[PDB]
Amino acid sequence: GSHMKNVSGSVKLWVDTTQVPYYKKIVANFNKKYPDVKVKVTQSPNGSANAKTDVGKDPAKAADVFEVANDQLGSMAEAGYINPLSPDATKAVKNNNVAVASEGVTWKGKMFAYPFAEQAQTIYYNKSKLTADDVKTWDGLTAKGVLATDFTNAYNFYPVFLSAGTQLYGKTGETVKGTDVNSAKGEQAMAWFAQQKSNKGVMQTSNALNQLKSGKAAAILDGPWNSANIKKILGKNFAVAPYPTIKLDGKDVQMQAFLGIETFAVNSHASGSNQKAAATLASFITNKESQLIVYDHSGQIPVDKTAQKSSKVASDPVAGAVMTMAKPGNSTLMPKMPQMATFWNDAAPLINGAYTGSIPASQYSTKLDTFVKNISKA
């Protein structure tokens, strides 16, 4: 292949807390190929779950490349904080990674970030307290041991509405007026949250990990970002499983999680002379080798197709549970509508109000109607 212009510059990379050490190793691999791109790796101010805020507060001071959860991408694209990937970069992402990873980064048919990990929550449990059979159903698990969780976190519990048969922004998460939780099915989910307050096997906590460490919890729901810490806390007792079934409408139905795609995006407001270097870095740190280094350190699940089939990943307990949860019917891809910030801000008090009893059952249909109106604005 004929000579291409040398890639050079100086770029800053934002990653989540605890991820810097192994991204520095990935950057060392990057610099074997691109020695003239100087990279500084730091944590971001508030993490990938807060990227649109961290970047938007001052785009020209934000990192050139930053970690960002896929739900934020439509808002950031519409605001002009991230540009479409090039045709060649898009083609490579789409060929190399699982289909849902490409869907996760695509807004209006164009890709806006470089996906690298698949996130779906699972049950982590102490297998000296609960067996694999015990964790198959929510009522059966919670009758036997304490599950510690947070009903103020809508990422944990909104997917019960999806188990109930409602849609979030319509059939593929792209329909502004497509959330239909203002229905009898939505009321079923509200009642399920409310049931948990008096379930002595369910503990509300802001820090489920601490309850696992203290032994107060037999099980938690969590994502693969915390898997290394959970393995160390639980030791010989570590076990993981997909979410259980729950009882809604007289049936047993799989309890869903969200399916999130973790990504890196290029800041369109970072220094112009460094934009080529930034895109080159984003492509490299999300390549197959880099995804497998992330897996080796944190246990997060690659989106690269070959990595998912590889012996190490296919046989890993956490990866197996996460990949099962990623299947249709077990999870729903987080939508990326620009309305998502409003959705998150309004969904948490809706769910927590049902759980705590602050919202009585006589108000469920009213509160669901107001919620749909509030999250469906153009």
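Numbers for residues come from their place in the sequence shown, where the first is 1. Only the largest set of C-alpha atoms that superpose within 1.5 Å between the two forms is called the rigid core.
- Using the rigid core as the fitting frame, the root mean square C-alpha deviation in 5 other deposited structures of this protein is greater for 31-39 than for the other of 329-337 and 31-39.
- Between 123-131 and 230-238, the larger mean CA deviation from the shown form in 5 other deposited structures of this protein, after core superposition, belongs to 230-238.
- For the segment pair 270-278 and 139-147, the entry gives 270-278 the higher mean B-factor, averaged over Cα atoms.
- Taking only CA atoms, the mean B-factor in the PDB entry is higher for 207-215 than for the other of 207-215 and 224-232.
- The residue among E187, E118, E103, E174 whose C-alpha carries the highest B-factor in the deposited model is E174.
- By the numbers in the PDB entry, the CA B factor is greatest at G250 among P302, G201, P242, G250.
- In the deposited entry, the Cα temperature factor of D64 places it in the middle third of its chain's modelled residues.
- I82: CA B factor in the middle third of modelled residues in this chain (values from the PDB entry).
- Placement of the Cα temperature factor of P159 within the chain: lowest third of the modelled residues, per the deposited record.
- In this PDB entry, the Cα temperature factor of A361 sits in the middle third of its chain's modelled residues.
- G74: CA B factor in the middle third of modelled residues in this chain (values from the PDB entry).
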